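Chemist: Next comes the structure file input17.txt, holding compact mmCIF, C-alpha atoms.
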```
# COMPACT_ATOMS: atom_id res chain seq x y z
CA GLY C 1 79.56 72.36 73.31
CA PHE C 2 83.37 71.90 72.83
CA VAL C 3 83.87 68.17 73.40
CA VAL C 4 86.57 66.34 75.41
CA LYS C 5 87.15 62.65 76.21
CA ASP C 6 83.92 61.04 74.98
CA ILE C 7 83.03 57.60 76.40
CA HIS C 8 80.77 54.86 75.00
CA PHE C 9 78.40 53.33 77.40
CA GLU C 10 78.75 49.64 77.12
CA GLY C 11 76.51 49.15 74.20
CA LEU C 12 79.74 48.01 72.65
CA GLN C 13 79.73 44.23 72.91
CA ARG C 14 80.60 42.94 69.42
CA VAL C 15 81.53 46.33 67.94
CA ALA C 16 85.06 47.71 68.22
CA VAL C 17 85.28 50.77 70.33
CA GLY C 18 87.56 51.65 67.41
CA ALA C 19 85.23 51.05 64.49
CA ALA C 20 82.48 52.71 66.43
CA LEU C 21 84.47 55.88 67.17
CA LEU C 22 85.66 56.10 63.59
CA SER C 23 82.03 56.36 62.62
CA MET C 24 81.39 59.55 64.57
CA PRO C 25 81.26 62.84 62.59
CA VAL C 26 82.31 64.57 65.81
CA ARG C 27 86.01 64.19 66.46
CA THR C 28 86.79 64.94 70.13
CA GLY C 29 87.63 68.62 70.28
CA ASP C 30 85.12 69.72 67.69
CA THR C 31 82.36 71.99 68.92
CA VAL C 32 79.24 69.85 69.04
CA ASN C 33 76.20 71.86 67.89
CA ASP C 34 72.95 70.08 68.90
CA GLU C 35 71.96 69.47 65.28
CA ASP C 36 75.34 67.74 65.24
CA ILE C 37 74.50 65.29 67.95
CA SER C 38 71.51 64.30 65.81
CA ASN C 39 73.77 63.80 62.76
CA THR C 40 75.84 61.51 64.93
CA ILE C 41 72.83 59.56 66.11
CA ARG C 42 71.82 59.20 62.44
CA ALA C 43 75.37 58.20 61.53
CA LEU C 44 75.82 55.66 64.34
CA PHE C 45 72.47 54.20 63.40
CA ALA C 46 73.52 54.01 59.74
CA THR C 47 76.20 51.40 60.45
CA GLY C 48 73.18 49.31 61.36
CA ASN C 49 74.86 47.09 63.87
CA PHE C 50 72.53 48.12 66.62
CA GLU C 51 68.88 48.55 67.62
CA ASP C 52 69.24 51.61 69.78
CA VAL C 53 71.60 54.56 69.86
CA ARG C 54 71.90 57.38 72.37
CA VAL C 55 74.13 60.42 72.37
CA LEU C 56 73.85 62.35 75.64
CA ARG C 57 76.04 65.22 76.86
CA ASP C 58 77.80 65.93 80.14
CA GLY C 59 80.72 67.89 81.49
CA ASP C 60 81.91 68.12 77.89
CA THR C 61 81.78 64.35 77.57
CA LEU C 62 79.62 62.72 74.92
CA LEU C 63 78.11 59.57 76.29
CA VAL C 64 77.25 57.21 73.55
CA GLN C 65 75.12 54.42 74.82
CA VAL C 66 74.13 51.73 72.37
CA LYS C 67 72.01 48.62 72.25
CA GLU C 68 73.83 46.27 69.95
CA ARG C 69 71.61 44.47 67.55
CA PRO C 70 71.36 40.86 68.81
CA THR C 71 73.12 37.80 67.43
CA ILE C 72 71.14 34.92 65.93
CA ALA C 73 71.98 31.81 67.96
CA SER C 74 69.39 29.34 66.70
CA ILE C 75 66.73 29.15 64.03
CA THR C 76 64.16 26.65 65.30
CA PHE C 77 61.41 25.43 62.95
CA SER C 78 58.25 24.15 64.67
CA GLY C 79 55.08 23.14 62.84
CA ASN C 80 56.55 22.96 59.35
CA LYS C 81 54.58 19.74 58.81
CA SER C 82 55.44 19.47 55.09
CA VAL C 83 58.61 21.42 54.20
CA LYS C 84 62.05 20.04 55.04
CA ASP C 85 63.49 22.20 57.80
CA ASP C 86 66.39 22.55 55.31
CA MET C 87 64.30 24.21 52.60
CA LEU C 88 63.24 26.81 55.14
CA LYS C 89 66.79 27.23 56.40
CA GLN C 90 67.73 27.74 52.74
CA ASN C 91 64.99 30.31 52.37
CA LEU C 92 65.64 32.43 55.47
CA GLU C 93 69.27 32.14 54.42
CA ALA C 94 68.31 33.67 51.08
CA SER C 95 66.16 36.39 52.64
CA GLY C 96 69.29 37.25 54.63
CA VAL C 97 68.71 35.47 57.93
CA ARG C 98 71.73 33.24 58.57
CA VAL C 99 72.30 31.31 61.78
CA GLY C 100 74.90 33.81 62.90
CA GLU C 101 74.47 37.45 61.83
CA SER C 102 72.61 40.38 63.43
CA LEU C 103 68.87 40.62 63.95
CA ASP C 104 67.06 43.99 63.78
CA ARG C 105 63.66 43.45 65.42
CA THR C 106 62.15 45.90 62.92
CA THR C 107 61.90 43.35 60.12
CA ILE C 108 60.21 40.65 62.14
CA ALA C 109 56.98 41.24 60.23
CA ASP C 110 58.87 40.98 56.94
CA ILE C 111 60.51 37.69 57.94
CA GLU C 112 57.11 36.09 58.48
CA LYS C 113 55.40 37.33 55.31
CA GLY C 114 58.52 36.19 53.55
CA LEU C 115 57.95 32.71 54.76
CA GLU C 116 54.25 33.39 54.42
CA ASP C 117 55.14 34.24 50.86
CA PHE C 118 57.21 31.09 50.48
CA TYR C 119 54.14 29.07 51.45
CA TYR C 120 52.22 30.61 48.62
CA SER C 121 55.36 29.56 46.72
CA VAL C 122 54.30 25.95 47.11
CA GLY C 123 50.55 25.79 47.50
CA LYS C 124 49.61 26.40 51.10
CA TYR C 125 48.25 29.66 49.64
CA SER C 126 46.66 30.78 52.92
CA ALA C 127 49.20 30.07 55.72
CA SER C 128 50.51 31.89 58.80
CA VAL C 129 54.03 32.01 60.20
CA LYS C 130 54.39 33.33 63.77
CA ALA C 131 57.79 34.82 64.45
CA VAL C 132 59.00 34.52 68.04
CA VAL C 133 62.28 35.55 69.73
CA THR C 134 63.94 34.43 73.00
CA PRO C 135 66.60 36.59 74.67
CA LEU C 136 69.67 34.39 75.10
CA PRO C 137 72.68 34.95 77.35
CA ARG C 138 75.56 36.48 75.39
CA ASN C 139 73.35 39.08 73.72
CA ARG C 140 72.31 36.16 71.49
CA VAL C 141 68.66 35.44 70.60
CA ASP C 142 66.84 32.24 69.68
CA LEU C 143 64.43 32.19 66.77
CA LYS C 144 61.40 29.94 66.81
CA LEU C 145 59.35 30.27 63.64
CA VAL C 146 56.02 28.56 64.24
CA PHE C 147 54.07 27.37 61.23
CA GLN C 148 50.34 26.94 61.39
CA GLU C 149 50.65 25.45 57.92
CA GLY C 150 48.00 25.70 55.24
CA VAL C 151 44.99 23.83 53.96
CA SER C 152 46.07 23.40 50.32
CA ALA C 153 43.64 24.78 47.71
CA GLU C 154 41.84 23.03 44.85
CA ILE C 155 40.39 23.94 41.43
CA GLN C 156 36.79 23.71 42.42
CA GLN C 157 35.05 24.89 39.26
CA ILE C 158 35.85 25.10 35.57
CA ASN C 159 33.81 27.62 33.60
CA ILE C 160 33.88 28.31 29.86
CA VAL C 161 33.09 31.60 28.21
CA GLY C 162 32.78 32.21 24.48
CA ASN C 163 31.10 28.96 23.45
CA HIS C 164 27.84 28.76 21.46
CA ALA C 165 28.17 25.91 19.00
CA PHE C 166 28.44 23.49 21.87
CA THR C 167 26.88 23.46 25.23
CA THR C 168 28.84 24.99 28.07
CA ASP C 169 28.97 21.29 29.16
CA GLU C 170 29.35 18.76 26.34
CA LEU C 171 32.73 20.41 26.12
CA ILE C 172 33.61 19.79 29.77
CA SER C 173 32.00 16.32 29.67
CA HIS C 174 35.21 14.35 29.26
CA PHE C 175 37.72 16.30 31.36
CA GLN C 176 39.95 14.30 33.60
CA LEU C 177 40.55 16.59 36.61
CA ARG C 178 38.60 16.90 39.76
CA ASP C 179 38.65 19.00 42.88
CA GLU C 180 41.07 16.40 44.28
CA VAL C 181 44.09 14.14 43.57
CA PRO C 182 44.21 10.28 43.65
CA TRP C 183 46.82 7.84 45.04
CA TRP C 184 49.54 10.45 45.84
CA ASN C 185 51.63 10.03 42.69
CA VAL C 186 53.86 13.07 42.22
CA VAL C 187 51.79 16.25 42.31
CA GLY C 188 54.47 17.94 44.37
CA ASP C 189 52.92 21.40 43.86
CA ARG C 190 49.81 20.33 41.88
CA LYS C 191 51.90 19.26 38.87
CA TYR C 192 49.30 16.53 38.31
CA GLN C 193 46.58 19.19 38.32
CA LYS C 194 48.62 21.18 35.82
CA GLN C 195 49.27 18.08 33.69
CA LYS C 196 45.58 17.24 33.91
CA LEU C 197 44.36 20.82 33.32
CA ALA C 198 46.54 20.93 30.24
CA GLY C 199 45.23 17.64 28.90
CA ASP C 200 41.70 18.87 29.38
CA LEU C 201 42.42 22.16 27.70
CA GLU C 202 43.88 20.05 24.91
CA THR C 203 40.63 18.14 24.62
CA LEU C 204 38.65 21.34 24.45
CA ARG C 205 40.57 22.32 21.37
CA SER C 206 40.73 18.83 19.85
CA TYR C 207 36.94 18.88 20.01
CA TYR C 208 36.30 22.10 18.03
CA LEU C 209 39.05 21.32 15.52
CA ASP C 210 37.85 17.78 15.08
CA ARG C 211 34.60 19.40 14.03
CA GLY C 212 35.64 21.91 11.38
CA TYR C 213 36.45 25.01 13.39
CA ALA C 214 39.93 26.02 12.36
CA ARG C 215 40.77 29.33 13.99
CA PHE C 216 39.49 28.13 17.35
CA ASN C 217 41.62 30.01 19.89
CA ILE C 218 41.87 29.55 23.61
CA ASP C 219 42.32 33.29 23.93
CA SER C 220 43.20 32.89 27.64
CA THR C 221 42.93 30.68 30.74
CA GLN C 222 41.66 33.14 33.35
CA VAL C 223 42.52 31.59 36.73
CA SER C 224 41.30 33.26 39.89
CA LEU C 225 41.17 32.32 43.57
CA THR C 226 38.32 32.36 46.11
CA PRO C 227 38.13 35.44 48.35
CA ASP C 228 38.45 33.11 51.33
CA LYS C 229 41.50 31.62 49.58
CA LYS C 230 39.24 28.53 49.47
CA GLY C 231 39.64 26.96 46.02
CA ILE C 232 40.68 27.89 42.51
CA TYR C 233 38.47 29.23 39.73
CA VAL C 234 39.75 28.15 36.32
CA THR C 235 37.98 29.83 33.42
CA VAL C 236 38.57 29.20 29.76
CA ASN C 237 38.02 32.06 27.33
CA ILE C 238 37.16 30.55 23.97
CA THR C 239 36.81 32.19 20.59
CA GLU C 240 35.21 29.61 18.38
CA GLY C 241 35.77 29.83 14.68
CA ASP C 242 33.37 29.29 11.85
CA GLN C 243 33.45 25.84 10.32
CA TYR C 244 35.56 25.19 7.23
CA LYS C 245 35.33 22.53 4.52
CA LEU C 246 38.44 20.88 3.14
CA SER C 247 39.48 22.19 -0.27
CA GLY C 248 42.34 19.81 -1.04
CA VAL C 249 45.63 18.66 0.45
CA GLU C 250 49.02 19.49 -1.01
CA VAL C 251 51.96 17.47 0.32
CA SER C 252 55.20 19.34 -0.48
CA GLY C 253 58.87 18.87 0.43
CA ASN C 254 61.21 15.87 0.25
CA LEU C 255 58.79 12.95 -0.19
CA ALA C 256 61.67 10.50 -0.61
CA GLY C 257 60.24 9.26 -3.90
CA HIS C 258 56.99 8.02 -2.47
CA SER C 259 54.91 11.04 -3.38
CA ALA C 260 53.25 8.33 -5.38
CA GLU C 261 52.02 6.64 -2.22
CA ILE C 262 52.34 9.39 0.39
CA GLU C 263 50.12 11.63 -1.74
CA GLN C 264 47.53 8.97 -2.47
CA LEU C 265 47.27 8.66 1.31
CA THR C 266 45.84 12.13 1.16
CA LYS C 267 42.43 12.23 -0.46
CA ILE C 268 39.16 13.90 0.52
CA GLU C 269 35.61 13.52 -0.85
CA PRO C 270 35.58 17.40 -1.10
CA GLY C 271 32.23 17.75 0.75
CA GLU C 272 34.33 16.90 3.79
CA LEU C 273 34.85 19.32 6.70
CA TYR C 274 38.12 20.25 8.34
CA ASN C 275 39.15 17.94 11.12
CA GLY C 276 42.19 18.32 13.33
CA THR C 277 42.67 14.70 14.28
CA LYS C 278 41.85 13.41 10.81
CA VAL C 279 44.93 15.52 9.90
CA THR C 280 47.21 14.30 12.65
CA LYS C 281 46.06 10.79 11.77
CA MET C 282 47.38 11.42 8.28
CA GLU C 283 50.72 12.88 9.25
CA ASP C 284 51.47 9.76 11.24
CA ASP C 285 50.39 7.55 8.37
CA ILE C 286 53.03 9.33 6.31
CA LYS C 287 55.63 9.19 9.09
CA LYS C 288 55.13 5.42 9.19
CA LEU C 289 55.18 5.04 5.43
CA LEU C 290 58.42 6.96 5.27
CA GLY C 291 59.62 5.34 8.49
CA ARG C 292 59.02 1.90 6.99
CA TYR C 293 61.38 2.62 4.06
CA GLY C 294 64.04 3.43 6.64
CA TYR C 295 63.36 6.94 7.77
CA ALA C 296 63.48 6.84 11.49
CA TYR C 297 63.04 10.56 11.93
CA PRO C 298 61.02 12.03 9.06
CA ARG C 299 59.65 15.44 9.87
CA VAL C 300 56.02 16.31 9.10
CA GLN C 301 54.15 19.55 9.78
CA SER C 302 50.79 20.55 8.35
CA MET C 303 49.50 24.11 8.18
CA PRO C 304 45.94 25.14 7.30
CA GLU C 305 45.59 27.81 4.65
CA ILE C 306 42.29 29.21 5.87
CA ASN C 307 40.35 30.88 3.07
CA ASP C 308 37.69 32.99 4.77
CA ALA C 309 35.94 34.32 1.67
CA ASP C 310 34.66 30.88 0.64
CA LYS C 311 34.86 29.51 4.21
CA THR C 312 37.24 26.73 3.20
CA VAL C 313 40.69 25.53 4.22
CA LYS C 314 43.51 24.22 2.01
CA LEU C 315 45.79 21.85 3.91
CA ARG C 316 49.43 22.63 3.17
CA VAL C 317 51.24 19.61 4.55
CA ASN C 318 55.02 19.41 4.29
CA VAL C 319 57.19 16.31 4.59
CA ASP C 320 60.97 16.04 4.91
CA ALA C 321 62.05 12.41 5.07
CA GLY C 322 64.88 11.75 7.50
CA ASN C 323 68.39 10.48 7.16
CA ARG C 324 67.94 7.01 5.68
CA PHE C 325 70.48 5.56 8.14
CA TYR C 326 72.16 2.43 6.65
CA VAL C 327 74.18 -0.38 8.24
```
Reformat the file's structure so that it appears as structure tokens.
Modeler:
Amino acid sequence: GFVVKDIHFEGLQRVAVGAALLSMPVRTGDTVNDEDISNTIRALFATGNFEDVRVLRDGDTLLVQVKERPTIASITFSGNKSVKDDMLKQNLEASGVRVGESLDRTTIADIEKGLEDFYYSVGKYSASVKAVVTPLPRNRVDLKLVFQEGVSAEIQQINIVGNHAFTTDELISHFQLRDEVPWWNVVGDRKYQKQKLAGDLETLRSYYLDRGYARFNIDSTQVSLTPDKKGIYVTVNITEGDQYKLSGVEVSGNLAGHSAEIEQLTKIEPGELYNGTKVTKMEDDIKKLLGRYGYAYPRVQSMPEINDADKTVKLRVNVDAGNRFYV
């Protein structure tokens, strides 16, 4: 096919006839062998600064017509009724879509489901972004992204699996957290719901423990979502211990010379059961006692020594008075 002067159609708008030509595995004077032309088309396309490439032959003249990928003129956000146009700009930016660079109409789908994925990223779980171009003059294009935003979803039903001691519902009874949110405080992304869901899950435990069940684990908090992305389906997977009776408390560590007191603030009536809060209510009592004698930051941590054989727990509390400060 022995090539001579090979022209370039006019594809070339923002590409240098010189960068372009450099990119062509067929120097002029080679002997272009059809497979070759296809290598060239692959090559040209590799550069990735255009949508379409053509390499046609002639009187020993390669014609290389090209459709330069278009240049982003404007990114217009319409319908984003709850995300600052700037956050979206930031996001497209991140994805790789700046207000200036190329375009590649291939990835239009992607672009959407990237925003569509950023709307999951907040809470509009189900939400559709329509991508829509607009040929502009100087081989520019204008980019309207239209957001039919999203009905935000809501924890519609707490379940609880693993419970037997207490009814699937005297546990739930006191939860603060409903399928809605009050005087718009600062949920942002359901941070209230989280806060609240946590507090509730704290109450679930504090119940069992307060009742003798050391070893009560919240093995997992199985959250799901409706098939119709409707609302959320929290589920708490319990594993409720046996009960356990107290078998003594043993305050160890630096008791600051009030093991006298401190320890006498730690009695039982041995036919007593374990009880989380009763414990916490003791720690504090210490922390104050110490605190009082000038110990602003005494540390106190209690750890149950659960004896399974005789279904009983020994409470190994440890106290390290602070840094008696002094002025």
Chemist: Interatomic distance between atom CA of residue C:153 and atom CA of residue C:127?
Modeler: 11.1 Å
Chemist: Taking the point (42.6, 13.9, -2.0) as given in the file, collect each protein or nucleic acid residue that comes within 12 Å of it, counting all atoms listed in the file, and present the set as a PyMOL selection string.
Modeler: chain C and resi 246-251+261-272+282+314-315
Chemist: Would you output that residue set with C-alpha atoms, as a JSON list (two decimals), keeping the file's coordinate frame?
Modeler:
```
[["chain", "number", "residue", "atom", "x", "y", "z"],
["C", 246, "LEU", "CA", 38.44, 20.88, 3.14],
["C", 247, "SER", "CA", 39.48, 22.19, -0.27],
["C", 248, "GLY", "CA", 42.34, 19.81, -1.04],
["C", 249, "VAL", "CA", 45.63, 18.66, 0.45],
["C", 250, "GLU", "CA", 49.02, 19.49, -1.01],
["C", 251, "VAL", "CA", 51.96, 17.47, 0.32],
["C", 261, "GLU", "CA", 52.02, 6.64, -2.22],
["C", 262, "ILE", "CA", 52.34, 9.39, 0.39],
["C", 263, "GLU", "CA", 50.12, 11.63, -1.74],
["C", 264, "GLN", "CA", 47.53, 8.97, -2.47],
["C", 265, "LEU", "CA", 47.27, 8.66, 1.31],
["C", 266, "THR", "CA", 45.84, 12.13, 1.16],
["C", 267, "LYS", "CA", 42.43, 12.23, -0.46],
["C", 268, "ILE", "CA", 39.16, 13.90, 0.52],
["C", 269, "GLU", "CA", 35.61, 13.52, -0.85],
["C", 270, "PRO", "CA", 35.58, 17.40, -1.10],
["C", 271, "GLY", "CA", 32.23, 17.75, 0.75],
["C", 272, "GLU", "CA", 34.33, 16.90, 3.79],
["C", 282, "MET", "CA", 47.38, 11.42, 8.28],
["C", 314, "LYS", "CA", 43.51, 24.22, 2.01],
["C", 315, "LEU", "CA", 45.79, 21.85, 3.91]]
```
Chemist: Compile the contact shell of residue C:42 as a PDB file with C-alpha atoms, keeping the file's coordinate frame: residues with an atom at most 12 Å away, counting all atoms listed in the file, same-chain residues fewer than 4 positions apart removed.
Modeler:
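Output saved as selection_23.pdb:
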```
ATOM      1  CA  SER C  23      82.030  56.360  62.620  1.00  0.00           C
ATOM      2  CA  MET C  24      81.390  59.550  64.570  1.00  0.00           C
ATOM      3  CA  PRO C  25      81.260  62.840  62.590  1.00  0.00           C
ATOM      4  CA  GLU C  35      71.960  69.470  65.280  1.00  0.00           C
ATOM      5  CA  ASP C  36      75.340  67.740  65.240  1.00  0.00           C
ATOM      6  CA  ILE C  37      74.500  65.290  67.950  1.00  0.00           C
ATOM      7  CA  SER C  38      71.510  64.300  65.810  1.00  0.00           C
ATOM      8  CA  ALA C  46      73.520  54.010  59.740  1.00  0.00           C
ATOM      9  CA  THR C  47      76.200  51.400  60.450  1.00  0.00           C
ATOM     10  CA  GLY C  48      73.180  49.310  61.360  1.00  0.00           C
ATOM     11  CA  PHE C  50      72.530  48.120  66.620  1.00  0.00           C
ATOM     12  CA  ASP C  52      69.240  51.610  69.780  1.00  0.00           C
ATOM     13  CA  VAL C  53      71.600  54.560  69.860  1.00  0.00           C
ATOM     14  CA  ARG C  54      71.900  57.380  72.370  1.00  0.00           C
ATOM     15  CA  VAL C  55      74.130  60.420  72.370  1.00  0.00           C
TER      16      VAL C  55
END
```
Chemist: With all atoms listed in the file as the atoms that count, which of C:159, C:199, C:92, C:77 lies nearest to residue C:176?
Modeler: C:199
Chemist: Check which residues of stretch 32-141 of chain C sit at most 10 Å from stretch 4-10 of chain C using only C-alpha atoms, and return one row each with the closest pair of atoms and their distance in Å to one decimal, ordered by chain and rising number, as a Markdown table.
Modeler:
```
| residue | atom | partner | partner_atom | distance |
| --- | --- | --- | --- | --- |
| C:54 | CA | C:9 | CA | 9.2 |
| C:55 | CA | C:8 | CA | 9.1 |
| C:57 | CA | C:6 | CA | 9.1 |
| C:58 | CA | C:6 | CA | 9.4 |
| C:59 | CA | C:4 | CA | 8.6 |
| C:60 | CA | C:4 | CA | 5.6 |
| C:61 | CA | C:6 | CA | 4.7 |
| C:62 | CA | C:6 | CA | 4.6 |
| C:63 | CA | C:7 | CA | 5.3 |
| C:64 | CA | C:8 | CA | 4.5 |
| C:65 | CA | C:9 | CA | 4.3 |
| C:66 | CA | C:9 | CA | 6.8 |
| C:67 | CA | C:10 | CA | 8.4 |
| C:68 | CA | C:10 | CA | 9.3 |
```
Chemist: Considering only C-alpha atoms, state which residue in the set C:1, C:235, C:298, C:12 is at the smallest distance from residue C:30.
Modeler: C:1
Chemist: Which is closer to residue C:164 than all the others in C:284, C:240, C:105, C:87, using all atoms listed in the file?
Modeler: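 Ranked by minimum distance to residue C:164, first place goes to C:240.
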Chemist: Quick one: pull the distance between atom CA of residue C:274 and atom CA of residue C:209, Å, one decimal.
Modeler: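 Interatomic distance, atom CA of residue C:274 to atom CA of residue C:209: 7.3 Å.
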Chemist: Please, what distance in Å, to one decimal, runs between atom CA of residue C:88 and atom CA of residue C:184?
Modeler: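 We find that atom CA of residue C:88 and atom CA of residue C:184 lie 23.3 Å from each other.
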Chemist: So that I can check the surroundings of stretch 139-142 of chain C, please list as a ChimeraX atom specification every protein, DNA and RNA residue that reaches within 12 Å of it, counting all atoms listed in the file and ignoring chain neighbours fewer than 2 positions away.
Modeler: /C:11-14,50,67-77,99-105,131-137,144-145
Chemist: Closest to residue C:150 among C:83, C:97, C:165, C:223, using only C-alpha atoms?
Modeler: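 Ranking C:83, C:97, C:165, C:223 by distance to residue C:150, first place goes to C:83.
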Chemist: Here's a test: counting all atoms listed in the file, identify every protein, DNA and RNA residue with an atom at most 10 Å from (53.4, 32.4, 63.7) in the file's coordinate frame, and state them as number ranges by chain.
Modeler: C: 78-79, 112-113, 116, 127-132, 144-149
Chemist: Quick one: what's the axis-aligned box for stretch 211-227 of chain C, all listed atoms, 8 Å on every side, centre and edges in Å to one decimal, as JSON?
Modeler:
```
{"center_x": 38.9, "center_y": 27.4, "center_z": 29.9, "size_x": 24.6, "size_y": 32.0, "size_z": 53.0}
```
Chemist: Given all atoms listed in the file as the basis, pick out the residue of C:273, C:26, C:155, C:319 nearest to residue C:181.
Modeler: C:155
Chemist: Missing atoms in stretch 243-265 of chain C need filling: write out N, CA and C atoms for it as a CSV table (one decimal), keeping the file's coordinate frame.
Modeler:
```
chain,number,residue,atom,x,y,z
C,243,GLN,N,33.0,27.1,10.8
C,243,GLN,CA,33.4,25.8,10.3
C,243,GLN,C,34.1,26.1,9.0
C,244,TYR,N,34.8,25.1,8.5
C,244,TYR,CA,35.6,25.2,7.2
C,244,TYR,C,35.6,23.8,6.5
C,245,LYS,N,35.3,23.8,5.3
C,245,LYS,CA,35.3,22.5,4.5
C,245,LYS,C,36.7,22.4,3.9
C,246,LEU,N,37.2,21.1,3.8
C,246,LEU,CA,38.4,20.9,3.1
C,246,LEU,C,38.3,21.3,1.7
C,247,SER,N,39.4,21.9,1.1
C,247,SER,CA,39.5,22.2,-0.3
C,247,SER,C,40.8,21.7,-0.8
C,248,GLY,N,41.1,20.4,-0.5
C,248,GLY,CA,42.3,19.8,-1.0
C,248,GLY,C,43.5,19.8,-0.1
C,249,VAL,N,44.4,18.8,-0.3
C,249,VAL,CA,45.6,18.7,0.4
C,249,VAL,C,46.8,18.7,-0.5
C,250,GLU,N,47.9,19.2,-0.1
C,250,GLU,CA,49.0,19.5,-1.0
C,250,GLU,C,50.3,19.2,-0.3
C,251,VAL,N,50.7,17.9,-0.3
C,251,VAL,CA,52.0,17.5,0.3
C,251,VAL,C,53.2,17.9,-0.4
C,252,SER,N,54.0,18.8,0.2
C,252,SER,CA,55.2,19.3,-0.5
C,252,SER,C,56.4,19.0,0.3
C,253,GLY,N,57.6,19.2,-0.3
C,253,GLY,CA,58.9,18.9,0.4
C,253,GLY,C,59.6,17.7,-0.1
C,254,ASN,N,60.5,17.1,0.6
C,254,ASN,CA,61.2,15.9,0.2
C,254,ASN,C,60.4,14.6,0.6
C,255,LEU,N,59.6,14.1,-0.4
C,255,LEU,CA,58.8,13.0,-0.2
C,255,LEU,C,59.5,11.6,-0.5
C,256,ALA,N,60.9,11.7,-0.6
C,256,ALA,CA,61.7,10.5,-0.6
C,256,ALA,C,61.3,9.6,-1.8
C,257,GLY,N,60.6,10.0,-2.7
C,257,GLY,CA,60.2,9.3,-3.9
C,257,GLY,C,59.1,8.3,-3.7
C,258,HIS,N,58.2,8.7,-2.8
C,258,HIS,CA,57.0,8.0,-2.5
C,258,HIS,C,55.8,9.0,-2.5
C,259,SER,N,56.0,10.1,-3.2
C,259,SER,CA,54.9,11.0,-3.4
C,259,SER,C,53.8,10.3,-4.1
C,260,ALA,N,54.2,9.3,-4.8
C,260,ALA,CA,53.2,8.3,-5.4
C,260,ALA,C,52.3,8.0,-4.3
C,261,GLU,N,52.8,7.1,-3.4
C,261,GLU,CA,52.0,6.6,-2.2
C,261,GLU,C,51.7,7.8,-1.3
C,262,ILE,N,52.6,8.3,-0.5
C,262,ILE,CA,52.3,9.4,0.4
C,262,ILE,C,51.2,10.3,0.0
C,263,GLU,N,51.1,10.7,-1.3
C,263,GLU,CA,50.1,11.6,-1.7
C,263,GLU,C,48.8,11.0,-1.9
C,264,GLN,N,48.8,9.7,-2.4
C,264,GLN,CA,47.5,9.0,-2.5
C,264,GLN,C,47.0,8.5,-1.1
C,265,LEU,N,47.7,8.9,0.0
C,265,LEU,CA,47.3,8.7,1.3
C,265,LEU,C,46.7,10.0,1.8
```
